[PDB]
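Commentary on secondary and tertiary structure
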Amino acid sequence: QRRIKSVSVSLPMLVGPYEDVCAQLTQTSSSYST
Amino acid sequence: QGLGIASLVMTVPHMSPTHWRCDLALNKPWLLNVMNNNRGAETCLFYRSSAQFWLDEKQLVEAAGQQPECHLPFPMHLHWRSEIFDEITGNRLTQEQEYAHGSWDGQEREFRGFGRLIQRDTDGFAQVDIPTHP
């Protein structure tokens, strides 16, 4: 069997010590599921 | 800047930009720099970072697309050029010391010299037709 557990992601950019890191993400679909 | 002594540096992690330098000096101190005789001699001692030299040799041979590997990793600041002057006629001469393949002892930690030296000069004149040829 094969299936997704979880995930994370990141960017290297030194935005500044606490500056506005801001984005959004979603799967459009995991077309195969179940 | 390749001063051969530490220039000043900081970050203030408050705003998004943070870094500054502060200025200090243009030379490594206490090098003889000049001498004279009261007969009117001078020595315009000029002196340059061998590490700057390495970045230059690197940069220029990478402009030659070659893989660079100076066997001297190790910093020191070295004499480089001088002027001399005609005390009465105002003619003068340039002399230049130049070098490549910096080397260091990978076991004894010792300056292993330069593999190649390059040496150059010119007289120069107040003029009136005579061209100098370096």
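Relevant structure appears above.
The following paragraphs examine the structure supplied in this document.

This next bit is on the overall build of chain A. Helix and strand counts for chain A come out as zero helices and zero strands. Summarising its shape, the C-alpha atoms of chain A cover approximately 40 × 20 × 10 Å along the three principal directions.

For chain B, the helix and strand inventory stands at one helix and six strands. Its helices and strands taken in sequence order, chain B reads β-β-β-α-β-β-β from the N to the C terminus. Its C-alpha radius of gyration of 20 Å places chain B more than 25% over the 14 Å reference for a compact globule of 134 residues. Projected onto the principal axes, the alpha-carbon positions of chain B cover approximately 60 × 35 × 35 Å.

On to the sheet that holds strand β5 (residues 92-104) of chain B. Residues and elements named next belong to chain B. Across the sheet, four strands lie side by side as β3-β4-β5-β6; this open sheet has antiparallel pairing. Two strands bound the open sheet, and with one partner strand each, they are β3 (44-49) and β6 (111-124). The average angle at which neighbouring strand axes cross in this sheet is 20°, direction not considered. Pairing between β3 and strand β4 (residues 77-85): six bridges, direction antiparallel. In the sheet register, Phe46 faces β4, and the bridge partner there is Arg81.

In this section: the pairing of β4 of chain B. All names here are of chain B. In terms of strand pairing, β4 meets β5 through five bridges, oriented antiparallel. Across the sheet, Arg81 pairs through a bridge with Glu96, a residue of β5. Joining the antiparallel neighbours β4 and β5 is a turn of six residues, in which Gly90 adopts a positive phi near 70°.

A word on unusual backbone geometry. Residue and element names in this part refer to chain B. One non-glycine residue with positive phi stands out, namely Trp30, at about 65°. Following the sequence through the fold, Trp30 ends up in the loop between β2 (19-22) and β3. The backbone phi angle of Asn33 is positive, close to 60°, even though this residue is not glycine. Positionally, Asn33 belongs in the loop between β2 and β3.

This part takes up the environment of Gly102 of chain B. All names here are of chain B. By the secondary structure assignment, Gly102 is in strand β5. Taking the C-alpha atoms as reference points, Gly102 and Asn37, 65 residues apart in sequence, are found 35 Å from one another. Excluding residues that lie within four positions of it along the chain, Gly102 makes contacts with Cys70, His71, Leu72 and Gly113.

Reading the values: rules and limits
- Residues numbered from 1 in each chain as written, not as in the entry; some residues may be left out.
- Chains lettered and ligands numbered in written order.
- Part of a larger assembly, values for the part shown.
- Heavy atoms only, no water.
- Residues with missing side-chain atoms left out of burial classes, pairs and counts.
- Helix = DSSP H or I, 4+ residues; strand = E, 2+ residues; numbered from the N terminus.
- Rg over C-alpha atoms; globule rule 2.2 N^0.38 Å.
- Pairing = 2+ DSSP bridges.
- Axes fitted to C-alpha atoms, helices over the stretch in contact; angles between N-to-C directions.
- Contact = heavy atoms within 4.5 Å.

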